[PDB]
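The chain below stands alone and is given in structure tokens; this is the form deposited in one PDB entry.
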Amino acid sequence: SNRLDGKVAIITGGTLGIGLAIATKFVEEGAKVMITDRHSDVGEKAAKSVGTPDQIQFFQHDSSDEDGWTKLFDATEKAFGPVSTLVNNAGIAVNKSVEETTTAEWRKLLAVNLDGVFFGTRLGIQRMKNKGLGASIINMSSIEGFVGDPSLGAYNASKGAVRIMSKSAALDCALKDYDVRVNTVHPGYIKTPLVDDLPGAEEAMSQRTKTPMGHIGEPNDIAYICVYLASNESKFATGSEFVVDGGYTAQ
């Protein structure tokens, strides 16, 4: 409890699965939270299921929407004060090999998975630097950021981009003493909407040959590592990659 005391966090795609879990644990640790999503209907209900308006609120926003990012930060700051933590968790997947990926699919996935993370990270640095907030930007990546998958071409590209782009940002912040850390989280297959949208994915990735533990993880598995990265407990961690994949990339 209170591991995130005084923190003010923004979690994109925090109305379901992983995002929702992170929001729940964040509030549980004393942080003010603002979750985002493109569906206001479910948004409001998700925030309320986690806590009261004084601890968590919802803000309709598409991570690929650049201008919206500024409005998202203004609303969050106006409601809870200066933002200190950002979790770029919103993302989509396309079940296509590089060979069979259409340019439309390619641009659509990168708009969210890459441009969106870029927009959030860029603005996050500008808004959270030099304010003694112990700012932390957590960029949700994936095991798909370390290894490839024959049917996740576009996805693999976006995740590999986020992985290294985050290091660049981490270095710049550290070298300029911005008081902003940047790190990536690389979830292995986790029981969530994105995976439960990928035909037979959970069954396939439960096989011992894919996930050594013989089962996939749960949203809280990612929420806990995010709490650590959001808290001052990891004040010396920046530009690092934290994997929680049940052994997937160990073999």
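In case it trips you up, residue 1 is the first one in the sequence shown, and so on. Between two forms, the rigid core is the largest collection of C-alphas that superpose within 1.5 Å.
Missing here is the form solved in complex with a small molecule; even so, the following discussion is about that form.
**Q** When the small molecule is placed as it is in the bound PDB entry, which of 121-129, 89-97, 73-81, 163-171 ends up with heavy atoms within 4.5 Å of it?
**A** Stretch with heavy atoms near the partner: 89-97.
**Q** My question is simply whether residue 205 lines the interface with the small molecule in the bound PDB entry - judged by any non-hydrogen atom within 4.5 Å.
**A** Heavy-atom contact with the small molecule at 4.5 Å: present for residue 205.
**Q** Looking at the partner-bound form in the bound PDB entry, is residue 152 within 4.5 Å of the small molecule by any heavy atom?
**A** Yes - in the bound PDB entry, heavy atoms of residue 152 and the small molecule come within 4.5 Å of each other.
**Q** Select from 192, 64, 57, 183 the only position whose Cα moves 2 Å or more between the shown form and the other one when the core is aligned.
**A** The displaced C-alpha is that of 192.
**Q** Taking the rigid core as the frame, does residue 27 move its C-alpha by 2 Å or more between the shown form and the other one?
**A** Shift at residue 27: below 2 Å after core fit.
**Q** On a core-based superposition, does residue 225 travel 2 Å or more at its Cα between the shown form and the other one?
**A** Stays below the 2 Å threshold, so no.
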